Every structure is written in structure tokens, then in C-alpha cells.
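output the structure for:
(chains A, B, C, D, E, F, G, H, I and J)
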Number of protein chains: 10
Amino acid sequence: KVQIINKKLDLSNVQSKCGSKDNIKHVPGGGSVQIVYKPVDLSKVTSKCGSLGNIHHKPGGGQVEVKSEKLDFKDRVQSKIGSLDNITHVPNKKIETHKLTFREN
Amino acid sequence: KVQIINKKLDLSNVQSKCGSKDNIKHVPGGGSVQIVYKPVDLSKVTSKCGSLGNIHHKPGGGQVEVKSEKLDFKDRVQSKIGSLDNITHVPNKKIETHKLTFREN
Amino acid sequence: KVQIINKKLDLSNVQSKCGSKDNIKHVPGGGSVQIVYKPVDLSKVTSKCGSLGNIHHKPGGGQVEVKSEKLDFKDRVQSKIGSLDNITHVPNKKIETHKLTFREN
Amino acid sequence: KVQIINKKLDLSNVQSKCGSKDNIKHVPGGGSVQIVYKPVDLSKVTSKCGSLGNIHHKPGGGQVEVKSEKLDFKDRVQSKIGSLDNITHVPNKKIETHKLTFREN
Amino acid sequence: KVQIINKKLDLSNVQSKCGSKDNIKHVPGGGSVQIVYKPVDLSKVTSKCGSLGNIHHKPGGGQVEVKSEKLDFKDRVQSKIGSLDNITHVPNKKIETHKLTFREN
Amino acid sequence: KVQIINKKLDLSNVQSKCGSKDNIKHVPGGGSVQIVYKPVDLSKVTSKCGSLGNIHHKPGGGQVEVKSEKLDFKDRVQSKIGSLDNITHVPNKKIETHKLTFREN
Amino acid sequence: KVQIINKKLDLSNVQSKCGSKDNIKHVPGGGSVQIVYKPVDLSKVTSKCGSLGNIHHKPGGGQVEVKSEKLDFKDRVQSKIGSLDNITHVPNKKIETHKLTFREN
Amino acid sequence: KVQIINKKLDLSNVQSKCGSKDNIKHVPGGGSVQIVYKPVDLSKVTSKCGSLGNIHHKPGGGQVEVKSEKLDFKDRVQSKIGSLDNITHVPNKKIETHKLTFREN
Amino acid sequence: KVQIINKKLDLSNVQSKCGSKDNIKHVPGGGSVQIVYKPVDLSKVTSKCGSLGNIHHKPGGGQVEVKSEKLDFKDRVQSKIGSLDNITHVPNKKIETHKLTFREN
Amino acid sequence: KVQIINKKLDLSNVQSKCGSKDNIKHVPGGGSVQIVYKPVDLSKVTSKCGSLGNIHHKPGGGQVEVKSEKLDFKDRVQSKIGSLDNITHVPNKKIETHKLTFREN
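Numbers count the residues shown, from 1 in each chain, chains lettered A, B, ... in the order given. Pasting the structure now:
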């Protein structure tokens, strides 16, 4: 007689490759700065303000400061570099199936 | 006669590769700074303010400070580098199935 | 006659690789700073303010400070490096199934 | 005649690899600082404020301070390094099934 | 005639590898600082404020301080290093099933 | 009858004021050189070579050497001078007779 | 009858003021050199080579050497001078007769 | 009848003021050199080589050496001087007769 | 009848003021050198080589050496000087007769 | 009848003021060297080589050596000086007759 079917299928952030594999090198003679900045951030915020009130959704952010007032090198700065990576690879199947299936009804 | 079917299927952050595998090297002669900044952050916040009130959702954030007022090198800074990574690999199947299946009804 | 089916299937943060395997090296001659900053953070916050009141959801954050007022090197800073990693690998199947299945009804 | 089925299936943080296996080395000549900062944090907070009151959910955060007012090196700082890791591996199946199954009804 | 089935299946933090196996080395010539900071923290807080009152949920956080006012090296700081890890491995199956199954009804 | 008068009157270097009275000041900030060079030399050489032979009259002379191969000032050289000689003379007969007389016969 | 008068009057270096009265001051901030060089030398050499032979009249001379190979000032050289000579003379007859007289016969 | 008068009057270096009265001051901040060099030398050499032979009249001379190979000042060199000579003379007859007289015959 | 008068009057170095009265001060902060060099030398050499032979008249001379190979000041060298000579003279006849007289015959 | 008068009047180094009265002060902070070098030398050498032979007149000379191979000051060298000579003279006849007289015959 009477039927009500409600299939509210919510879905987010699925099978999502966000990671970052990375060889990072840093060879300075003098005083340098390297900043690698990769905050992988996944979120799902739901804010329902049904009557009076407040939603102060204030997540903090990244803050990277490098301050240096005085900095001296009163003589020679040398850096004699032969090599860094002497890799001798003398010898690949990556079947990366990311499957999803909704065979409904 | 009467039937009410409610399939509220919520789903988030599934099969999500967020990790970061990374060779990190740092070879300075003088006084340097390296900052690798990767906060992997996964969240799901639900804030329902039904009557009067407040939702002060204030998560703290990352704060990385490197302060250095005075810094001197009153003579020579040398760095004679031959090599760093002498890898000699003398000899791969990565079947990474990420499967999901809802065979409903 | 009368039936009410409510399948509220909530699900979050499933099969999620967030770990970070990483060779980290640090070879300075002089006085340097390395900061590797990876707080893996998984959360699920549910704040329901039904009548008057407050929700002061204030989680603390990371705070990394390196302060150094005076710092001197009144003579030579040398660093003669031959090698770091002399790896000689002289000889892989990673079947990483991440399966999920809801065969409902 | 009358039936009410409520399958409130809540689920979070399942099969989630968050650990971080990592060779960490630190070979300075002079006075350096290395900070590896990985707080793996998993949480599930539920705060229901039904009538008047307060929810002062204030978890503490990490605080790493390295302060050093005066620091001197009044003569030579040398570091002659031959090698660090002389690994000679002269000879893998990682079937990492992460299975989950809800065959309901 | 009348039946009420309530299957409130709550579940959290299951099969979650959070441990971190890591070779950590620290070979300085002069006076250095290494801080490895990995508080693995798993929590599940439920705070229901039904009438008037307070919920001062204030867990303490980590606090690592290294303070050093004056620090001197009035002559030479040498560190002649041959090797650290001379590993000679001259010769693996890790079937890590993380299974979960709800065959209900 | 017979008379021979021989008045061989030799005379040299008589009543000769050769001295040098002198206020000498030297106020440098950085590395300077002052050389005041006043050899007062009075001589009377009589060399009679009557038959064969040699007269190797070789008096040595003054030799003032200031050699400086490397010389550095790697920071500031200041010299704030108020005064040097604050002489307040609040109060002369120099009858310098240099007489010579040969009242002969 | 017969008379021979021989008045061989030799005379040298008589009443000769050669002395040198002198206020000498030396106020350096950094590394300086002052050389005051006043050899007062009076001589009377008589060399008669009557037959064969040699007269190797070789008097030594002054030799002042200031050698300095390496010399550094790796920080500030200040010299704040108020005064040197605060002489307050609040009150002369120099009858310098240099007489010579040969009243012969 | 016969007379021979020989008045060989030799005379040298008579009434000769050669002395040197001198206030000498030396106030350095850093490493300086002052050399005051006043050899007062009076001589009268008579060398008669009547037959074969040698006259190796070789008097030694002054030799002042200041050698300094390495010399460092790795921090500040200050010299705050108020005064040196605060002489307050609050009150002269120098009848310097240098007489010589040959009233012969 | 016969007379021979020989008045060989030799004379040298008579009434000769060669002394040197001198206030000498030396106030260094760092490592300095002062050399005051005043050899008062009076001589009268008579060398008669009548037949074969040698006259090796070799008087030694002054030799002042200040050698210093390495010399360091690895921190501050201060010298705060108020005064040196605070002389307060609150009150001269120098009748210096240098007489010589040959009233012969 | 016959007369021979021989008045060989030799004379040297008479009434000769060679002494040196001198206030000498030496106030160093660090390691200094003061050398006051005044050999008052009076001589009268008579060398008559009548037949074959040798006159090896070799008087030794002064030899002042200050050798210092290594010398360090690894911290502060201060010298706060108020005064040295606080002389308060609150009140001269020097009749220095140097007479010589040959009233011969």
C-alpha cells in the first residue's frame, strides 16, 4: 500500500592517494633555510545552527617562522662536493586496482 | 501495509593513502635550518547547536619557531664531501587492490 | 502491517594508511637545526548543544620552539665526509589487499 | 503487526596503519638540534550539552622548547667521517590483507 | 505483535597499528640536542552534561624543555668516525591478516 | 838663526747642537706603523794607505724592517678620543753663549 | 841657533750636545708598531796601513726587525680615551755658556 | 843651540752631552710593539798595520728581533682610558758652564 | 845645548754626560712587547800590528730576540684605566760647572 | 848639555756620568714582555802583535732571548687600574762641579 524508501548515500574522500613520497636533500656551504611544507588535510565539517547561538569553527593553521637577527661569516665558506647519490641499480609490475562497486538491487 | 526504510549510509575517509615515505638528508657546512612540516590531519566534526549556546570549536594548530638573535662564524667553514649514498643494488610486484563493494539487496 | 527500518550506517577513517616510513639523516659541520614535524591526527568530534550552555572544544596544538640568543664559532668548522650509506644489496611481492564488503540483504 | 528496526552501526578508525618506522641518524660536529615530532593522535569526542552548563574540552598539546642563551666554540670543530651504514645484504612476500565484511541478513 | 530491535553497535580504534619501530642514533662531537617526540595517544571521551554543572576535561600535555644558559668549548672538538653499523646479512613472509567479520542474522 | 814654526791646528765638530728634543705621540685605532729614524752620527775617519794593502772601511748602517704577511680586522675598529694634552700653563731667559776664542801670540 | 816648534793640536767632538730629551707616548687600540731609532754615534778612526796587510774595519750596525706572520682580531677593537696629559703648571734662566779659549803664547 | 819642541795635543769627545732623558709610555689595548733604540756609542779606534798581517776590527752591532708567527684575538679588545699623567705643579736656574781653557805659555 | 821636549797629551771621553734618566711605563691590556735598548758604550781601541799576524778585534754585540709562535686571546681583553701618575707638586738651582784648565808653562 | 823630556800623558774616560736613574713600571693585564737593555760598557784595549801570532780579542756580548711556543688565554683578561703613583710632594741646589786642572810647570 504505502512505502517510503530513502537511500541517503553520502560518501566522501574515497580511494584518494594524497601521500607524497619524496627524496629531500639539503647540502649548503653557508647558512641557508629549506622549508618543505605539506600538510595533508582531509576534513568534513557539518555545522547546523538550528536556533540562536554561534558556530565559531576556528581550526588553527600552520605557522612556520624562521627569524634570525644577526648572522655573520667572517671568513671563507667552502664546500667541495664530489657526489651525493652514487646509485648503481643493475637488474616492475604495479597493478594498482582502485575498485568500487555498488550493485544495488 | 505501511513501511518506512531509511538507509542513511554515511561514509568518509576510506582507503585513503595519506602516509609519506621520504628519505630526508641534511648536510650543511655552516649553520642552516631545515623544517619538514607534514601534519597529516583527518577530521570529521559535527556541531549541532539546537537551542541557545556556543560551539567554540578551536583546535590548536602547529607552531614551529626557530629564533636566533646573534650567530657568528669568525673563521673558515669548510665541508669536503665525497658522497652520501653509495647504493649498489644488483639483483617487483605490488598488487595493491583497494576494493570496496556494496552488493545491497 | 507497520514496519520502520532505520539502518544508520556511520563509518569513518577506514583502511587509511597514514604512517610515514622515512630514513632521516642530519650531518652538520656547524650548529644547525632540523625539525621534522608530522603529527598524524585522526579525530571525530560530535558536539550537540541541546539547550543553553557552551562547548569550548579547544584541543592543544603542537608548539616547537628553538631559541638561541648568542652562538659563536670562533675558529674553523670542518667536516670531511667520505660517505654515509654504503649499502650493497646483491640478491618482491606486496599484495596489499584492502578489501571491504557490505553484502547486505 | 508493528516492528521498528534500528541498526545504528557506528564505526571509526578501523584497520588504519598510522605507525611510522624510521631510521633516524644525527651526526653533528658542532652543537646542533634535531627534533622529530610525530604525535600519532586518534580521538573520538562526543559532547552533548543537554541543558545549561559548560563543556571545557581542553586537551593539552605538545610543547617542545630548546632554549640556549650563550653557546661558544672557541677553537676548531672537526668531524672526519668515513661511513655510517656499511650494510652488505647478500641473499620477500608481504601479503597484507586488511579485510572487513558485513554480510548482514 | 510489537517488537523493537535496537542494535547500537559502537566500535572504535580497531586493528590500528600505531606503534613505531625505529633505529635512532645520535653521534655528536660537541654538545647537541636530539628530541624524538612520539606520544601515541588513543582516546574516547564522552561528556554528557544533563543539567547544570561543568565538565572541565583538561588532560595534561607533553612538555619537554631543554634550557642551557651558558655553555662553552674553549678548545678543539674533534670526532673521527670510521663507521657505525657494519651489518653483513648474508642469507621473508609476513602474512599480516587483519580480519573483521560481522555475519549478523 | 834658523827656526821652523808649524802650528797645525786641526779642529772639527765644535759647539754643534745636534740633539733633537721632540714630543712624539701615536694614537691609532687600527694597526698602524710609526718609525722615527734619527741616527745622530758624528765621525772623523783618516785612512792613509802608505804602501800596498787595503782599507775596507765598511761601517754598518741602520736597517729597520717591519714585515707583516697577513693581518685582519674582522669587525669594527673604533677610537673615540676626547683630548690628548690638556696643558694649562698659567704663569724665560735662555742666554746660550757658544764662545770660542784663540787669542794666539 | 836651531829650533823646531811643532804644535800639532788635534781636536774633535767638543761641547757637542747630541742628547735627545723626548716625551714618547704610544696608545693604540689594536696591534701597532712604534720604533724610535736614535743611535747617537761618535767615532774617530785612524787606520794607517804602512806595509802589506789588511784593515777590515767593519763595525756592526743596528738591525731592528719586527716580523709577524699571522695576526687576527676576530671581534671589536675599541679605545675610548678621555685624555693623556692633564698638566696644570701654575707658577726660567738657562745660561748655557759653552766656552773654549786657547790664549796661547 | 838646538831644540825640538813637539806638542802633539790630541783631544776628542770632550764635554759632549749625549744622554737622553725621556718619559716613555706605552698603553695598548691589543698586542702592540714599541722599540726604543738608542745605543749611545763613543769610540776612538787606531789601527796601525806596520808590516804584513790583518786588522779584523769587527765590533758587533745591535740586533733586536720581534718575531710572532700566529697571534689571535678572538673577541673584543677594549681600553677605556681616563688619563695618564695628572700632574699639578703649582709653585729655575740652570747655569751649565762647559768651560775649557788652554792658557799655554 | 840640545833639548827635545815631547808633550804627547792624549785625551778622550772627558766630562761627557751619557747617562739617560727616564721614566718608563708600560700598561697593556693584551699581550704587547716593549724593548728599550740603550747600551752606552765608550771605547778606545789601539791595535798596532808591527810584523806578521792577526788582530781579530771582534767584540760581541747586543742581541734581543722575542719569538712567540702561537698566542691566543679567546675572549675579551679589557683595560679600564683611571690614571697612572697623580703627582701634586706644590712648593731649583743646578750650577753644573764642567771645567777643564791646562795652564801649562 | 843634553836633555830629553817625554811627557806621554794618556787619559781616558774621565768624569763621565754614564749611570741611568730610571723609574720603570710594568702593569699588564695579559702576558706581555718588557726588556730594558742598558749595558754600560767602558773599555780600553791595547793589542800589540810584535812578531807572529794571533790576538783573538773576542769579548762576549749580551744575549736576551724570550721564547714561548704556545700561550693561551681561554677566557677574559681584565685589569681595572685606579692609579699607580699618587705622589703629593708639598714643600734644590745641585752644584755639580766636575773640575780638572793641569797647571804644569
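
in chain A, what residue is nearest chain B?
residue A:60 (2.4 Å; CB to the nearest CB). For the C-beta atoms, the positions are set from N, CA and C on the backbone; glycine is no exception.

which residue ranges form the strands in chain A?
A:2-6, A:12-14, A:33-37, A:41-42, A:45-49, A:63-68, A:77-78, A:100-101 (DSSP state E).

residue F:98 is nearest to which of these?
Residue F:98 lies closest, by CB to CB, to one member of the strands of chain A: strand A:77-78, at 69.8 Å.

partner strands of that closest one, parallel or antiparallel?
Partner strands and pairing direction for strand A:77-78 (DSSP bridges) are strand B:77-78 (parallel).

need the contact partners of the partner strand.
A:29-30, A:73, A:75-80, B:29-30, C:29-30, C:73, C:76-79 (CB atoms under 8 Å, 6 or more residues apart in numbering or on different chains).

what residues are up against the spatially most central residue of chain A?
The centroid of chain A falls nearest to residue A:40 when counting by CA atoms, centre = their mean (2.7 Å). Residue A:40 makes contact with A:18-20, B:18, B:20, B:38-41, according to CB under 8 Å, 6+ apart.

only whichever of the residues you listed are buried, select them in ChimeraX.
The following ChimeraX line selects those of the contacts of residue A:40 that are buried, judged by 16 or more other CB atoms under 10 Å in any protein chain shown:
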select /A:18,19 /B:18,20,38,39,40,41
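
give me the contact list for stretch A:23-39.
Residues contacting stretch A:23-39 (CB under 8 Å, 6+ apart): A:20, A:22, A:62, A:64, A:66, A:71, A:73, A:77-79, A:81, A:84, B:20, B:22-41, B:62, B:71, B:77, B:79, B:81, B:84.

any quick ChimeraX command for the buried ones out of the residues you listed?
Selection of the buried residues among the contacts of stretch A:23-39 in ChimeraX, burial being defined by 16+ other CB under 10 Å:
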select /A:62,64,71,73,77,79,84 /B:20,22,23,24,25,26,27,28,29,30,31,32,33,34,35,36,37,38,39,40,41,62,71,77,79,81,84
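
could you report the neighbour count for the residue of chain A found nearest chain H?
Chain A approaches chain H most closely through residue A:74 (10.5 Å), counting by CB to the nearest CB. The local packing of residue A:74 (other CB atoms under 10 Å in any protein chain shown) involves 17 other residues.

again, but for residue A:12
15.

quick check: closest non-adjacent residue to it.
Nearest residue to residue A:12 in three dimensions, chain neighbours excluded: residue B:12, at 5.0 Å (CB to CB, 6 or more residues apart in numbering or on different chains).

partners of the residue nearest to residue A:100 when sequence neighbours are not counted in the sheet?
Nearest non-adjacent residue to residue A:100, counting by CB to CB, 6+ apart: residue B:100, 4.9 Å away. Here residue B:100 sits in beta bridges with residue A:100, residue C:100, as judged by DSSP bridges.

hmm, residue B:14 and residue B:100 touching each other?
Yes. Using CB atoms under 8 Å, residue B:100 is in contact with residue B:14, at 6.8 Å.

tell me, what's touching the two both at once?
With CB under 8 Å, 6+ apart as the test, residue B:100 and residue B:14 both reach A:14-15, C:100.

of these, which is the most crowded?
Going by other CB under 10 Å, residue C:100 tops the shared contacts of residue B:100 and residue B:14 with 24 neighbours.

report the contact partners of it.
B:14-15, B:99-101, C:14-15, D:99-101.

go again using 7 Å as the cut-off
B:99-100, C:14-15, D:100 (CB atoms under 7 Å, 6 or more residues apart in numbering or on different chains).

what's the closest of these to residue I:2?
residue C:15 (147.9 Å).

related to what we said a few turns ago, JSON lines please, covering the shared contacts of residue B:100 and residue B:14 and showing distance to residue H:7.
Formatted as JSON lines, these follow (distance: CB to CB, whole Å):
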{"residue": "A:14", "distance to residue H:7": "135"}
{"residue": "A:15", "distance to residue H:7": "133"}
{"residue": "C:100", "distance to residue H:7": "140"}
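
cheers, nothing more for now.
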